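The structure appears below as structure tokens.
As written, the chain order gives the labels A, B, C, D, E, F and G, with residue 1 at the start of each chain.
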Amino acid sequence: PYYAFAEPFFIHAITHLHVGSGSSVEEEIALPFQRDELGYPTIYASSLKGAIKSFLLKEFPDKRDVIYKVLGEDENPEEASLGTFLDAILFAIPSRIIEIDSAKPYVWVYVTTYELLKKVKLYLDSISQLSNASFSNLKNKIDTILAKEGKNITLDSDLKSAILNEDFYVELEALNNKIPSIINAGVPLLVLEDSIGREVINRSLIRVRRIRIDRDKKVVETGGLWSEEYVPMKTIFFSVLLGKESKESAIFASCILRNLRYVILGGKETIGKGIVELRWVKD
Amino acid sequence: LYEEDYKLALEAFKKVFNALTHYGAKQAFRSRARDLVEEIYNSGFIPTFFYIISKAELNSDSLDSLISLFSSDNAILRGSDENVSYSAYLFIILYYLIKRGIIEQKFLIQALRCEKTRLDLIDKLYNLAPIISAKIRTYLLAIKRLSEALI
Amino acid sequence: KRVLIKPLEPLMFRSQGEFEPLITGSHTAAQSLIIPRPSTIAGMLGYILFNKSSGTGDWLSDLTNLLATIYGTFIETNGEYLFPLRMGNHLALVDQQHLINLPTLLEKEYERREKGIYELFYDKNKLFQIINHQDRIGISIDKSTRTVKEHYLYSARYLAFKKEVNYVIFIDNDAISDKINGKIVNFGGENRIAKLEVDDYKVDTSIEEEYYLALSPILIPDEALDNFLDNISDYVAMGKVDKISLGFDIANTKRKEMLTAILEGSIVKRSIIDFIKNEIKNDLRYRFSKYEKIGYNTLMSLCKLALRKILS
Amino acid sequence: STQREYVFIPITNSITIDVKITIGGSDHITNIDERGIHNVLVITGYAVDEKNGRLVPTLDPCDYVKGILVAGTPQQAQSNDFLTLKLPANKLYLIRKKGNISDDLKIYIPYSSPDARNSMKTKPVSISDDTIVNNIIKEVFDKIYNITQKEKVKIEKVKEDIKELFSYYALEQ
Amino acid sequence: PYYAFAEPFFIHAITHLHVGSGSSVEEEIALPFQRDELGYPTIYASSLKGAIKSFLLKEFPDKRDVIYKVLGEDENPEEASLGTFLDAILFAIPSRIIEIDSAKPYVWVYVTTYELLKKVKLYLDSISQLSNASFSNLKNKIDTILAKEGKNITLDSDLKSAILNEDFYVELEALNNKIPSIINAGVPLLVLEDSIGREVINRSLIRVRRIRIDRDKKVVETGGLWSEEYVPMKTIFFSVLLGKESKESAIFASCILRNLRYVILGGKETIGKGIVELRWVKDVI
Amino acid sequence: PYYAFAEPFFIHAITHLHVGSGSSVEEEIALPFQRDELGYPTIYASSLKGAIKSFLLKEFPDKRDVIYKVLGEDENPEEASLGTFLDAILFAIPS
Amino acid sequence: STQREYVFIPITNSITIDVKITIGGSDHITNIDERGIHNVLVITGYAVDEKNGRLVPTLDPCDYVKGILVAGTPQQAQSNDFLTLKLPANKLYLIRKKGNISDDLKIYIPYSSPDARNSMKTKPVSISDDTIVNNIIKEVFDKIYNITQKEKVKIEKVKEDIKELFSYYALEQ
């Protein structure tokens, strides 16, 4: 009742992403990403809901009724919304790897920590039997992983040693013998210790300096230089769409959602920094 | 992580600023810093380590006032040809390698003390080239900064 | 018997008025309460168990037709019951062991007392190890220009949880122990989400002492005020008295009433427990009985986890 | 000329005879490829008769039934009441899909005009009591799918996917 | 479609181009190139856009309205842009080859990896969903290439062995001897594996020590010595230009884009680094 | 007309010519010659520009302002340079 | 009721004669509002023939003619050479838009057959030479917007406007 059904999904970044927060963090960045309490990037539920709402209002410019029912209304005449988003928690950021003693060549891997999988488990178990879906095949894998907490774990491969992001030497260990990978990709996944993970990850985040040029002399304008922070292409965020049951959800979550693969998240889309892909956890 | 490296860039140093006196092969150390660093992170640690040992012989006063910077302070590495003044960078690399446990002072010390074992030391480094190049990265860039700042 | 309200993500418990674009030339803002008023938890549990033709104008008569005597709320990190403690505008989460010697600490002389309260609210305080306000600035975009509107920007200081945290309330009823356990509530404002956990947990209640801790706002009958605000130093040792609104009811779409209360974490002396009984009429008793039912007039011994209502 | 037919997946054994031909047309889309039943077809707005199982139309979108779309004919000499409809093949509400579709497919649906006697109360029905799931496999996943014990080994996966994926709607009438 | 028009294009360097890098991480080169998340070179679409914009603002002075509309106003923006650029993936970098066994000898070849086609494919699918264009030829060639992932192959020329960039021996397979070349040119394209492709690519990049000489003494000034990373001629990038409809997008895509062939990306322009040619995929296939 | 004037030219070496690349460790030769992207010799347009500019600055001590405008100022650059040298392709070598 | 016709603004003459219906209905689309011209139309792929100014239809979408839209009808005797068209007014490429418009219209545009005997090389023309600016301000704008020079000292404003807003392409023959 009142969230009788739930659908989780992965937000797989197709291009770099910027979801701003002003100048919200004490950092060397002028336009940082949206941070968690642990400083990991996240996508607030407001941004996620607003972006998907705006997208659906133009990709199905006739279902205004259904989208306005589920994702709420804009004008003052309103009524209780009946589908909500949870903040997108970062799942796995990409990482350049130089593997020592491995003949399976890998130029990049996915990197997680245990802090992150803790929250992913918090989301997944809070739905598993609370709602009427079957995601044991994933919550149990994450539980297996969190069992080995404290040490750098490599999944679905055997590397035993690697240099991550060209600056960090880690020594891995296979989980048991192998675990059926949790992403259709073939890229390995590494669940690093929380201490070195938040360095490898802050090394994966793109932090560029941008310039504003004076046209009549092609020289930078004074005070025309700032720094941004995108999250790399191929990054993966995780969140859930929590929906009540009011005969619009039966339509929203059945034909609107079946058609969604790509949406645009966050700002700077003229720089092409918003394309992202939604894979629903149904595989 | 590598925050201790910025202190190691001093406790290893102990002097390469007037122990490298006479402003010739002293101001050549900036060249070492910049060029060697760039080449280690484009060519490799091995192609550069060979190139560095070629400019510094084995079993001579080079080795004497190179290991002397393991248990002493005053090591005036003077000499115009960068051969006693080229072991500066070689000692820079070796002090890091030993004080970070990448290789042990046992094997290294006992290795640069008879000709039979220099081959094995070099092969050991060849087996640890990626690890060394990744770890010593910041420790070396710190000295490339320390040169263009002070040296 | 016990209910743990585990938030899945940062939560927003506003405390003041308008949070929408009303003046064309200014942004809006809001700030979250660290501990939700028991009206919030009452309304949540009521939303879980609802029947659609009961009340329609009361919002708590029919609510009290559903809930047991809700007992006050506090934090629990890892079996570490953290308790609110309020000085003048200062709010701190203190563990249990720092409340025993507390009545003597405020009765110490000047410098000892001030040093004690200082190290409590500043150094033995654990609020900022578990929770930090996480600001979240939002915007409204008009589709005509794909840009922010005329200052449709709002800053809502949310409540970030730096670690696994729950809210602890105890409820007398047991038939509900199964009908809310494992429910993904819409706890708090701004359309946030929490999860409920229930397990029987024996807690001792009928205990009397000299000093109490307001685990929940202590409401005042709105007539005893002049009888109360004159001699305030004779009822509360430390804390904060304030005028609060009981919330916002759904079935009628109305802001709930406004009552002067003694906010959470305040330390009340025993001389207040009788005072309210002495200064309340017969039907305002019938109303404040429901108020205590939904979880408002909750107390706790400073020596042990012993809860106690007031009019009950 | 590869037209298809939908087979609902109940637990009430009103599924006596479905298709006269095990394969018919060459290609089959609903393939079990070492991860489970995939490309399964879900038909909404409908329900299934408990007895004399067929696709009874309601109007409520919250009502739906999940079943397999397989190449085969319903005796080719009966069932004028079957919903015989050709689709541009981008409208099929597939779920857990991993194969592609050929842009035009003719589907047969087991249809029956609902009632003229009383309103329809519907109920969710999950496929449970694995002793029924075993039967279901031995009834269609062995008749159509000869793959039984030949190359695939994980029969338990084929069972347990039915234990979670399929959830239909009944009428009790 | 979310986008009115979607124009994928290739970016053939005519001269060694140097789009400077923005990053405060200290690296070896004084002025490195722009890297993507895989370390490869890229042109951050901010640079693409700010260069093409300033170029069009001069080459078409009678259409400042259309340009300001599709590429955003400059000073007082009352609106968002309608045109978007996607970051320029490296598509194929050139490398010096030394053949072993082949009828016709080459002296350079086109070197691409699989972790790059796996991004071009992302772009193509993502854009075929957010538009009406269904780039069947690019996609039907790149998926056929990626089918053979995990082994160095040659697309057309029959080589079977070579020494790329005079340090890496590779042993090459053939795709079908029927695939028409992705781009139209006479030089083969090697789709290398990724661990070896990374090193070949990093050898293709041009590092250049430069100095600043005192005019008086003709000796280097005290400080004027830095390094500087370029990207060779003939390097091919891949980006996409996307737009929502405003009737000035329909005129952008039909008058401006049909007359863009050469632009000046990047910096170091006074020394010839940056002239680059645009080929529109609608043409090259 | 993105460019006012375009002046392609040849560069005939009167004497032998050494434009240096810089040291290395894999160099095989102490002081090598600048190279194309595909192995042939070349003159990087930075060398060309600096050489021609330092020549002009003393062969035309009164057009110094025109030189600075077209080939970029030295002391306080407030602006870009209107001039542009392209890297020198090798055209023909004597054999 | 409201059916407009397009008065293009080149430097050349023979403009104020196009319609003896100089106002027609109540108002026009192009709205000089003492802050600048608004809602200017742009016809692309057409170029003007300076001799008896009229839009020759070429195909190059770079060639265009900017001009005002005004309510009228051609001189009571033409529309044998005026191209006539009825457009939903959202298919109208306007510039400097200010408000919202009729959502259905009908336009007369001065038209001249290509004359395929003459190669249509085209030269981009602009508006300068304040003489021309003034004989435009008076000979077209006063006749349609008599409020010019009535209260507005913004003859200077619309002067800058028609000098910085209108350009066109001519066959230069």
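Here is the rule we go by: a contact is a pair of C-beta atoms (placed from the backbone, for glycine too) under 8 Å apart; a residue touches a chain by one contact, two chains touch by 3 or more.
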Q | Innermost chain, taking as reference the mean of every protein Cα atom displayed | A | A
Q) What are the two chains with the most C-beta pairs touching? A) A-E
Q.
On a C-alpha centroid basis, what's the spacing between chain E and chain G, in Å?
A. 44
Q.
Roughly how far is chain A from chain D, centre to centre by C-alpha average, rounded to an integer in Å?
A. 35
Q.
Counting only Cα atoms for the centres, state how far chain D is from chain E in Å.
A. 50
**Q.** CA centroid of chain F to CA centroid of chain G, Å
**A.** 53
Q) For chain B, which residues are shared contacts with two or more other chains? A) none
**Q.** Of all residues in chain F, the ones touching two or more other chains
**A.** 80
Q: Return the residues of chain D touching two or more other chains; collapse runs of consecutive numbers into ranges.
A: none
Q) Pairs of chains that touch, anyone? A) A-B, A-C, A-D, A-E, A-F, B-E, B-F, C-E, E-F, E-G
Q | In the complex with chain F, residue positions of chain E that touch it | A | 15-16, 55, 58-59, 94, 96, 107-108, 204, 206, 208-210, 213, 215, 218, 232-234, 264, 269-273, 275
(Q) Taking the touch rule as given, give the residues of chain A at its contact with chain B in the complex, in rising order. (A) 98, 100, 163, 166-169, 196, 199
(Q) With touch defined as at the start, can you tell me which chain F residues reach chain E in the complex? (A) 2, 21-22, 37-39, 44-46, 48-50, 54, 57, 71-72, 74, 80-81, 83-87
Q. Which bits of chain B are touching chain E when the two form their complex?
A. 34, 37-38, 40-42, 141, 145
Q) Quick one: in the complex, what on chain F touches chain A? A) 77-80
